[PDB]
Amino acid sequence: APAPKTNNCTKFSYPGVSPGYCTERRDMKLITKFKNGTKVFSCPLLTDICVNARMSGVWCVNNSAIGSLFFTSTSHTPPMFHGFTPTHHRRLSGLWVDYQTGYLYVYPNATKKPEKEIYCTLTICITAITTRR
């Protein structure tokens, strides 16, 4: 089963985003595709940045949220996944989130164009530093 391979810490700051600031990206990455046609997608994490930060992902299907993901990173570890919280009330048709990784499995009958109808809204916020006024 697909799961992240932890990269070495390569960068120790997030390019262009200072402590006290956040940035958002709407995209997803194809992690793997199986012989049966099922595709597995991830939020678009930058996996080699070791900065003190927290992140949310939201799986967006046709501009409606199906659930949210929480991550953290530090000066010692790249982004680490801390769980998925479902927000959908109807059962998902042809989709399944792996609760161990936050990856989204898209079965072939869910849609012919997953890359156009689905994305993750990934928000990274660089934790503020405590200083004097």
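Numbers for residues come from their place in the sequence shown, where the first is 1.
Legend: mean Cα B-factor per stretch from the PDB entry, 97 to 105 versus 59 to 67; the higher mean is in 59 to 67. Two stretches are in play, 46 to 54 and 81 to 89, and the higher mean C-alpha B-factor belongs to 81 to 89. Ranked by Cα temperature factor within the chain, residue 7 sits in the highest third according to the deposited record. In the deposited entry, the Cα temperature factor of residue 18 sits in the middle third of values across the chain's modelled residues. When all modelled residues of the chain are sorted by CA temperature factor, residue 129 is found within the middle third.
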